[PDB]
Amino acid sequence: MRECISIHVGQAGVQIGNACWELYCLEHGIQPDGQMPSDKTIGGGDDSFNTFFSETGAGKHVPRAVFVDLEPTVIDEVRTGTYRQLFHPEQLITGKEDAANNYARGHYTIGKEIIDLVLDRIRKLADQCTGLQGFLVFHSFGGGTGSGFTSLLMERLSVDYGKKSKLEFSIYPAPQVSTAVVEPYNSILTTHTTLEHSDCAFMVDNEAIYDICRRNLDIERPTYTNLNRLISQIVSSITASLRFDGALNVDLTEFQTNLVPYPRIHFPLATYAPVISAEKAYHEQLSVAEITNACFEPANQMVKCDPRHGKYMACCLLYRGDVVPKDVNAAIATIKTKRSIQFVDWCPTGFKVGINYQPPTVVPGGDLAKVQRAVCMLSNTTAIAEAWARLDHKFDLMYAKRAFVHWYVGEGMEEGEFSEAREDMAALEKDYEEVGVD
Amino acid sequence: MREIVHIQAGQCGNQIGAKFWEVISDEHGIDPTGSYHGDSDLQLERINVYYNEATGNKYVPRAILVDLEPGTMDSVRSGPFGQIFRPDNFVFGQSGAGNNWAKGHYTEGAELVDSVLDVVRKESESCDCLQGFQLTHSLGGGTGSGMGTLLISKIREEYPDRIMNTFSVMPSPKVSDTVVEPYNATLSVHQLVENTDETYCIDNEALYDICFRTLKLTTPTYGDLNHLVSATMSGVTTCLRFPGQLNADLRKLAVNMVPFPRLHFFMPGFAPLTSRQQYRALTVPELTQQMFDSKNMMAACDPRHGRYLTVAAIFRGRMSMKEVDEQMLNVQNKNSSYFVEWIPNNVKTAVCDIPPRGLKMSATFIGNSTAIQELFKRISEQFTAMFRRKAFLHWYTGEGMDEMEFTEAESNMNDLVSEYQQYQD
Amino acid sequence: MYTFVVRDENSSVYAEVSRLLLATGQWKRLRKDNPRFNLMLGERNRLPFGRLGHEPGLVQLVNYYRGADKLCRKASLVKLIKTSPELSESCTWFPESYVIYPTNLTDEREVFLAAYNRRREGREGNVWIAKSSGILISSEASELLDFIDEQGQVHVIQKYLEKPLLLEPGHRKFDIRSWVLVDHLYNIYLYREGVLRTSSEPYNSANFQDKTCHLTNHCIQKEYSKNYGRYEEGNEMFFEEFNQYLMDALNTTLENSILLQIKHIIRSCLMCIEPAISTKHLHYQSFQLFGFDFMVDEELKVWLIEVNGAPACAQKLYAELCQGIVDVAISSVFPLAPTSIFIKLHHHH
Amino acid sequence: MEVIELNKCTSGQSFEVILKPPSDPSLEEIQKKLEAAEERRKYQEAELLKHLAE
Ligand SMILES: Nc1nc2c(ncn2[C@@H]2O[C@H](COP(=O)(O)OP(=O)(O)OP(=O)(O)O)[C@@H](O)[C@H]2O)c(=O)[nH]1
Ligand SMILES: Nc1ncnc2c1ncn2[C@@H]1O[C@H](COP(=O)(O)OP(=O)(O)CP(=O)(O)O)[C@@H](O)[C@H]1O
Ligand SMILES: Nc1nc2c(ncn2[C@@H]2O[C@H](COP(=O)(O)OP(=O)(O)O)[C@@H](O)[C@H]2O)c(=O)[nH]1
Ligand SMILES: CS(=O)(=O)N1CCN(Cc2ccco2)CC1
Ligand SMILES: [Ca+2]
Ligand SMILES: [Ca+2]
Ligand SMILES: [Ca+2]
Ligand SMILES: [Mg+2]
Ligand SMILES: [Mg+2]
Ligand SMILES: [Mg+2]
């Protein structure tokens with residue numbers, strides 16, 4: 001068994017993290033106090049759930065997590081919430097004043113004065129690991145701490161943990177729930193300095209989660225709670241292979257191998273189905289084919305975009321519940337004949353399939369209804385670059401007038417770091433185009 | 001614990017400040033003695049942003065009262081909530097400023113500013129994490145204008161990395177005390193351009209017209225003008241005084257509203273505004289159509305004469321947040337030729353569950369519009385009509401000022417107008 | 001109030017569409033860089049489909065199907081017909097074609113020569129044509145391949161219709177242009193009005209050098225031909241006259257002998273690529289006007305020449321069609337506060 | 001349509017299906033950057049004070 005440390009940075013990272021460890025506990029039968037009745041080895045063991053939970057002598061299963069925010073009001077909820085007893089205080093790091101949606105403020109001004117403290121706390125979690133795999137970093141693009149401080153952390157992690165892997169869960173800015181005008185600036189800044197330090201990143205566009213919540217859950221104005229309970233269902237599906245017995249995506253290294261054939265192109269698209277409203281009278285349960293086919297509808301992709309007009313470099317299906325391989329292949333064959341699935345010539349046209357018999361756990365009182373089977377597809381499409389195009393466009397509009405730049409220069413950042421970051425994205429978009437178009 | 005220190009200077013400053021503290025003290029459930037008697041936990045969630053908590057569960061506003069004559073502040077001390085202010089925070093002189101910017105900034109004011117900073121420093125040392133300051137003052141008089149800007153200059157020196165925010169009453173010949181108000185306003189606007197991060201420009205003629213035309217007050221008074229300012233100040237600060245996500249921070253509001261350092265002058269707005277057919281409920285569409293109506297704005301500028309750099313809307317009360325988003329998007333989509341196309345999503349919407357006193361719901365408007373240059377032209381034009389004849393300069397030269405300084409303030413503001421002009425195209 | 005932007009100033013069609021929209025008083029045009037729009041009249045090349053459908057509250061519609069270039073490209077069309085089982089390589093209404101890459105750059109050079117040596121051996125007519133996205137007509141394979149190598153872009157060689165259907169009097173060639181509009185629901189509408197772009201020169205089969213009687217292009221007939229405008233005005237015969245001709249001369253109708261096949265061909269092509277370009281579950285919606293070009297042989301068999309994705313319209317039909325584009329393509333998505341001029345082509349979605 | 005590397009365990013199974021074959025900054029440099037931006041902040045604030053001193 002090899003452990004995985006999770007890092008949650010900024011508000012988005014903290015709240016999403018809080019909603020995943022709630023789900024992790026419910027999935028592994030852990031209670032809010034950290035006790036785990038089914039765990040028959042008290043105070044130790046190298047089980048699959050131990051990759052995410054350490055154990056004390058008193059029998060407490062403690063997440064291998066760290067929560068970092070430059071402002072205390074969000075992490076303070078964790079300290080007094082339902083799962084306050086899971087973490088000990090050293091895991092919850094909070095500052096006094098935030099980054100004010102200013103990448104340069106999180107990275108430089110405030111980041112420099114707290115980075116050495118975060119590393120020290122992370123080192124304490126590392127010293128508990130007999131064979132550490134890597135890190136899972138949850139953050140937002142648009143937030144000042146989530147963008148500015150995360151890139152600084154990723155740089156130091158690559159220095160202090162060279163031979164380790166790092167995966168990202170990144171929240172893509174969506175105006176319908178965004179509280180900042182300069183989020184394009186922050187998103188591009190943080191992608192530029194993180195690109196060479198992240199081995200694989202899952203971008204969730206708030207626009208996609210927001211509309212899934214209004215369409216499938218009949219929520220007229222979704223809250224962050226709604227947005228996060230849904231995000232933690234997908235994240236649970238991606239991290240299941242690390243927390244349960246299995247032979248696919250068994251360690252963090254396997255994500256790069258199975259999903260990223262070229263380093264810079266490490267942003268797989270995630271699709272999920274089915275999302276059903278608990279408030280529904282009673283739904284007719286979907287089949288293996290029906291839910292597989294749904295993986296090729298933009299309406300349930302974590303980022304809206306048309307894979308039909310891109311090219312796949314790798315496709316991966318993660319099923320949970322009542323699924324046998326025979327039914328999966330029966331659906332794939334059907335979808336290949338009715339869908340536009342174009343791989344690149346230097347990749348096999350196939351799918352790596354993983355099946356976990358335990359169906360998706362649902363939070364009591366949540367929005368999602370219990371289903372018999374669900375699938376999450378991780379496909380590396382060139383179509384995801386549409387999100388880069390959208391973002392870079394907004395950057396160019398503001399930067400062309402130097403709007404809001406004075407706030408960044410005022411924190412010690414040099415104006416040329418803007419163009420330097422935008423030029424990198426220019427190269428990223430071109431890479432996707434070299435791989436996808438003819 | 002993100003504390004804000006409040007400062008009210010001069011006649012206008014203290015009279016508007018007092019009413020402001022009277023209005024929000026009601027919203028947070030604080031009585032005239034500082035005892036909380038509200039019914040909601042939301043009232044206290046962020047109470048320490050503007051209030052200090054003494055012994056006996058008393059809440060004392062974190063405000064300092066300043067003036068060069070005792071009269072106005074003597075009234076505040078006798079006013080409704082006068083007993084709730086910290087006695088040591090009354091700092092005043094005896095000479096006055098004679099509506100003379102140079103007296104409040106160079107002579108009489110200099111003699112008293114140090115003892116004011118002694119109070120500011122003492123309030124700051126007790127803050128867990130001080131955000132910044134907010135000043136209430138007029139620009140047409142002597143103390144709020146001359147000493148007010150003097151205080152700001154000295155505050156930015158001792159706290160160079162904190163946010164400086166002001167509610168500035170702009171003078172108007174229609175609602176005038178003296179003929180030198182354009183002189184005092186031009187000199188202050190240069191200090192504000194240089195040393196503030198956010199300035200809510202409140203034109204006294206806008207306040208007058210709204211009382212006469214909209215509210216149907218046959219003969220407005222300063223008291224009536226200050227009612228509006230109170231309601232607007234309460235509205236523009238709802239983001240700070242209650243739980244929220246957007247513009248909930250002074251620095252975050254600046255970062256989202258100020259694309260260029262010098263262009264931080266806002267047009268505030270308020271809705272509803274009804275005369276006394278006052279009990280009629282207001283629908284969200286109506287609430288939005290008014291909030292964007294120029295007649296509900298208090299800078300006395302025409303928004304359709306410029307373009308919005310950024311906007312901050314705050315809807316208070318229990319309403320359809322889905323219906324709010326629909327109407328806000330309808331406004332931007334039905335008049336998208338008045339928003340700049342080089343700042344995507346420059347209109348941010350915030351919601352508050354607690355409504356103002358006596359209203360089921362309301363909306364407050366904060367606009368960074370290039371149309372504000374119309375205000376700076378009025379003042380500039382009135383300035384030049386006198387300065388070209390050197391009229392009334394002797395009041396100022398007698399306090400040690402030279403004409404060169406007036407020539408500089410004149411140039412500094414015409415520059416500001418040119419800066420607003422290049423971004424309107 | 002609906003809003004739209006214009007990103008193709010050279011489009012004669014949507015220029016009039018924009019004229020009609022504003023004439024209703026319920027539409028308002030915006031700068032070409034304003035993201036808040038209901039409808040985009042987008043540019044031809046490099047239309048930013050990735051920035052569509054991301055404006056909260058605004059349902060956004062565009063006049064171009066992303067991915068239709070597969071059908072509106074010479075080399076792309078051929079590759080689509082030989083590889084799509086719905087069309088099959090045995091497609092009976094598309095001339096035998098091959099994709100030929102110049103030697104300075106897969107390529108079907110050898111496959112083309114095989115069918116050539118077969119025809120040349122069987123005494124059969126072996127006249128071919130070469131073109132690209134400058135055309136050459138020859139009966140010798142050496143002249144066709146040498147012509148493409150002198151260029152630097154992909155070319156296509158397809159069988160030339162040696163026995164075209166000629167209009168009398170004049171003994172002259174022609175081609176039929178039919179406008180087809182596909183709306184956001186993917187209903188296929190065929191404009192009731194077509195145009196015959198006819199040649200004013202007597203067809204001469206013993207001289208493929210003088211390409212004035214073989215090429216029915218409205219520009220070549222008006223520049224290199226000497227009988228332009230003799231028989232019909234501007235070498236444009238409309239369906240009313242062409243129908244009366246088929247009756248007096250051939251004793252049949254334009255509906256039976258030609259239009260049935262045209263509607264069958266339009267269905268087969270558009271229904272084929274529907275899974276690839278449909279915007280049924282997309283965050284934005286698409287419609288697009290297409291221009292199909294057909295040939296007719298002396299047997300009254302219809303052949304497909306190409307599809308145009310940004311076609312112009314006949315002068316006499318700009319009002320009827322453009323008003324129709326607003327009724328079925330724009331108002332059907334943004335209504336305003338007959339006897340349709342289209343022929344719906346029902347199909348199994 | 002080929003299935004390869006089928007692994008079965010109590011809590012699930014995983015396999016692979018092939019439809020078709022194919023055709024950093026050191027610690028020294030980071031500290032300088034953090035101090036470089038801090039040096040440009042000190043300078044900018046000194047100019048502010050120098051300005052306010054005049
Ligand atoms: N999906 C989701 N998005 C969130 C959540 N919280 C914040 N966001 C998004 O994150 C972006 C803002 O970044 P934040 O994480 O709030 O900022 P920060 O990282 O705390 O950094 P600061 O500027 O110091 O506050 C906005 O686009 C929000 O929509 C959340 O709980 N779930
Ligand atoms: N295989 C073939 N048999 C007979 N005629 C042919 C032919 N291929 C092309 N032509 C002639 O060429 C003309 C059309 O050429 P083509 O359409 O390939 O060029 P183009 O696309 O630039 C004109 P358009 O404006 O219709 O797109 C027709 O008038 C037709 O008579
Ligand atoms: N809105 C409002 N404006 C005022 C009030 N009192 C004075 N003013 C304005 O402020 C200017 C005079 O400044 P004043 O405050 O009296 O001078 P100071 O006491 O030296 O600061 C004039 O333009 C007045 O119109 C008031 O109570 N309300
Ligand atoms: C009582 S008064 O002396 O007649 N009056 C003169 C005008 N001045 C300014 C003004 C007009 C309206 C509101 O405020 C207020 C005092
Ligand atoms: Ca154990
Ligand atoms: Ca590395
Ligand atoms: Ca004295
Ligand atoms: Mg934060
Ligand atoms: Mg006075
Ligand atoms: Mg063509």
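Residues numbered from 1 in each chain as written, not as in the entry; some residues may be left out. Chains lettered and ligands numbered in written order. Part of a larger assembly, values for the part shown. Heavy atoms only, no water. Residues with missing side-chain atoms left out of burial classes, pairs and counts.

Chain C is annotated in the PDB entry as Tubulin-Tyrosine Ligase of Gallus gallus.

You'll find chain B entered in the PDB entry as Tubulin beta-2B chain, with Bos taurus given as the organism. UniProt, in the comment section headed Cofactor, describes chain B in these words: "Mg(2+)". In its Subcellular location section, the UniProt entry covering chain B states "Cytoplasm, Cytoskeleton". (UniProt positions renumbered as here; feature names shortened; annotations may be inferred.)

Q: Pulling in residues and values, what's your account of the UniProt feature "binding site: GTP" in chain B?
A: Residues and elements named next belong to chain B. In the numbering used here, UniProt assigns the feature "binding site: GTP" to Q11, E69, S138, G142, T143, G144, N204 and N226. The annotated residues occupy 216 residues of the chain and do not converge on a single region, their most distant C-alpha atoms lying 22.7 Å apart. Positionally, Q11 belongs in helix α1 (residues 10–27). Classification of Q11 as partly exposed rests on a relative accessible area of 43%. Setting aside anything within four residues of it in sequence, one finds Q11 in contact with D67 and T72. If you trace the backbone, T143 turns up in helix α6 (residues 143–158). Since its relative accessible area comes to 6%, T143 is described here as buried. (Helix = DSSP H or I, 4+ residues; strand = E, 2+ residues; numbered from the N terminus. Buried < 20%, exposed > 50% of the residue type's maximum accessible area, 1.4 Å probe, protein only. Contact = heavy atoms within 4.5 Å.)

Q: For the site of ligand 4, give the residues involved together with the corresponding values.
A: All names here are of chain B. Close contacts around ligand 4 come from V175, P220, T221 and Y222, and that covers them all. Expressed as a share of its isolated accessible area of 400 Å², the protein-covered part of ligand 4 is 43%. In terms of residue class, the shell around ligand 4 is made up of three nonpolar, one polar and no charged. (Near = heavy atom within 4 Å. Areas by Shrake-Rupley, 256 points an atom, 1.4 Å probe, with all protein chains shown as cover. Nonpolar A, V, L, I, M, F, W, Y, C, P; charged D, E, K, R; others polar.)

Q: Could you give me a rundown of the sheet that holds strand β7 (residues 136–138) of chain C, with the residues and numbers involved?
A: Residue and element names in this part refer to chain C. Strand order in this open sheet of four strands is β5-β8-β6-β7, and the pairing throughout is antiparallel. The two strands at the open ends of the sheet, each matched to only one other strand, are β5 (97–100) and β7. Pairs of neighbouring strands in the sheet enclose a mean axial angle of 20°, with direction left out of account. Relative to strand β8 (residues 155–159), strand β6 (residues 128–131) runs antiparallel, the two sharing four bridges. (Pairing = 2+ DSSP bridges. Axes fitted to C-alpha atoms, helices over the stretch in contact; angles between N-to-C directions.)

Q: How would you summarise the sheet that holds strand β1 (residues 2–6) of chain C if you had to cite specific residues and measurements?
A: Neighbouring strands of a sheet are bound in pairs by backbone hydrogen bonds; such pairs are parallel or else antiparallel. Residue and element names in this part refer to chain C. As summarised here, the arrangement of the five strands in space is β2-β1-β3-β4-β12, forming an open sheet in which the pairing is parallel. Each having just a single partner strand, β2 (27–30) and β12 (285–286) make up the two edges of the open sheet. With two bridges connecting them, strand β4 (residues 61–62) and β12 associate as parallel partners. If you follow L61 over to β12, its bridge partner there is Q285.

Q: Just give me the short version of the site of ligand 2, but keep the residues and values in it.
A: All names here are of chain C. In the vicinity of ligand 2 lie 16 residues, with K159, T216, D293, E306 and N308 positioned nearest. Within the contact set of ligand 2, an oxygen atom lies 2.8 Å away from a side-chain nitrogen or oxygen of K131. One of the side-chain N or O atoms of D293 is found 2.2 Å from an oxygen atom in ligand 2. Contributing elements (two or more residues each) for the shell around ligand 2: β6, β8 and β14 (302–308). Taken together, the residues of the shell around ligand 2 sort by class into three nonpolar, five polar and eight charged. (Polar contact = N/O pair within 3.5 Å; in protein donor to acceptor, adjacent residues only side chain to side chain.)

Q: I'd like a rundown of the interface of chain D and chain A, residues and numbers included.
A: Between chain D and chain A, the residue contacts involve 32 residues of the former and 41 residues of the latter. At the boundary of chain D with chain A, total buried surface from both sides reaches about 3,000 Å², with 60% on carbon and sulfur atoms. Linking chain D to chain A there are three salt bridges. Counting across the chain D and chain A interface gives 15 residue pairs in polar contact. If you list the elements that add at least two residues to the side of chain D that touches chain A, you get β1 (2–9), β2 (12–20) and α1 (27–53) of chain D. With 11 residues, the single largest contributor to the side of chain D that touches chain A is α1 of chain D. (Buried area = accessible area lost by both parts, 1.4 Å probe. Salt bridge = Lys/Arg side-chain N within 4 Å of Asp/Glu carboxyl O.)

Q: Give a description of the packing of helix α12 (residues 284–291) of chain B against helix α13 (residues 321–334) of chain B that names residues and reports values.
A: Residue and element names in this part refer to chain B. At a minimum axis separation of 9 Å, α12 and α13 run at an interaxial angle of 40°. Regarding α12 and α13, the two cross each other, and that crossing is right-handed. Taken together, the residues of α13 that come into contact with α12 (itself represented by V284, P285, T288 and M291) are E323, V324, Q327, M328 and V331. For the contact of α12 with α13, a count of residues per class yields six nonpolar, two polar and one charged. (Left-handed = near helix turned anticlockwise from the far one by under 90°.)

Q: Can you break down the state of the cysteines residue by residue, with the values?
A: All names here are of chain C. Summed over the entire model, instances satisfying the criterion amount to zero disulfides over all chains. In this structure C72 is not part of a disulfide, and its nearest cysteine sulfur, from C269, lies 9.8 Å away. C272 takes part in no disulfide bond, and the closest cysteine sulfur, belonging to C269, lies 7.4 Å away. (Disulfide = S-S within 2.5 Å.)

Q: Any details on α6 of chain B? Residues and values, ideally.
A: Taking 1.5 Å per residue, 16 residues should reach 22 Å; α6 of chain B reaches 21 Å between its end C-alpha atoms and fits that length. Of all 16 residues that make up α6 of chain B, 12 are buried, and the element is covered over most of its length. (Expected span 1.5 Å × (residues − 1).)

Q: Explain the arrangement of the chains to me, and be specific about the residues and the numbers.
A: For the five pairs of chains in contact, the largest share of contacts goes to chains A and D. Note that chain C does not reach chain D: the shortest distance linking a C-alpha of one to a C-alpha of the other is 12 Å.

Q: Quick one: what's the story with the nonpolar core, residue by residue and with numbers?
A: Within the largest apolar cluster, 277 residues are counted, with the highest numbers of intra-cluster contacts made by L153, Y185, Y319, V328 and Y408 of chain A together with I372 and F376 of chain B. Excluding residues within four positions of it along the chain, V328 of chain A makes contact with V288, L317, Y319, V323, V353 and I355 of chain A together with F15 of chain D. Listed in part, the 49 residues of the second largest apolar core include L77, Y186, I265 and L304 of chain C. (Core = buried A, V, L, I, M, F, W, Y, C linked by side-chain atoms within 4.5 Å.)

Q: Before we move on, can you summarise the domain arrangement of chain B with the specific residues and values?
A: All names here are of chain B. Considered domain by domain, chain B is made up of domain 1 (1–259), domain 2 (260–371) and domain 3 (372–425). Between the C-alpha centres of domain 1 and domain 3 there is a distance of 25 Å. At the interface, 23 residues of domain 1 touch 24 residues of domain 3. The junction of domain 1 with domain 3 conceals about 2,000 Å² of combined surface from both sides, 73% of it contributed by carbon and sulfur atoms. For the domain 1 face of the interface with domain 3, the top three residues by lost area are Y183, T186 and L187, together amounting to 32%. Inspection of the domain 1/domain 3 interface yields one salt bridge. Notably, a salt bridge pairs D203 with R378, separated by 3.1 Å at the nearest N-O pair. For the side of domain 1 that touches domain 3, the elements supplying multiple residues, two or more each, are α4 (101–105), α7 (181–195) and β8 (198–203). The dominant element in the side of domain 1 that touches domain 3, judged by the number of residues it contributes, is α7, at nine residues. Residue classes in the side of domain 1 that touches domain 3 are distributed as 15 nonpolar, six polar and two charged. (Domains from an automatic or database assignment.)

Q: Any details on the coordination of the calcium ion (ligand 5)? Residues and values, ideally.
A: For the calcium ion (ligand 5), the full set of protein donor atoms is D39 of chain A (OD), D39 of chain A (OD), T41 of chain A (O), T41 of chain A (OG1), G44 of chain A (O), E55 of chain A (OE) and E55 of chain A (OE), and the range of their distances to it is 2.3 to 2.9 Å. According to the relative accessible area criterion, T41 of chain A is partly exposed, its value standing at 41%. (Donors = N, O, S within 2.8 Å, 3.2 Å for Na, K, Ca; no water.)

Q: Please set out empty space enclosed by the protein residue by residue, giving values where relevant.
A: There is about 520 Å³ of room inside the largest cavity. In terms of lining, the largest cavity is formed by 29 residues, of which the most central are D33, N34, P35, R36 and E55 of chain C. By residue number, the principal contributor to the lining of the largest cavity is helix α12 (residues 385–399) of chain A, which donates four residues. Size it by volume and the second largest cavity reaches roughly 110 Å³. When grouped by side-chain class, the residues that make up the lining of the second largest cavity number eight nonpolar, two polar and three charged. (1 Å grid on protein atoms, 1.4 Å probe; cavity = no way out; pocket = protein on both sides within 12 Å on 5 of 7 lines; lining within 4 Å. Points joined across faces, edges and corners; volume = space filled by probe spheres on them.)

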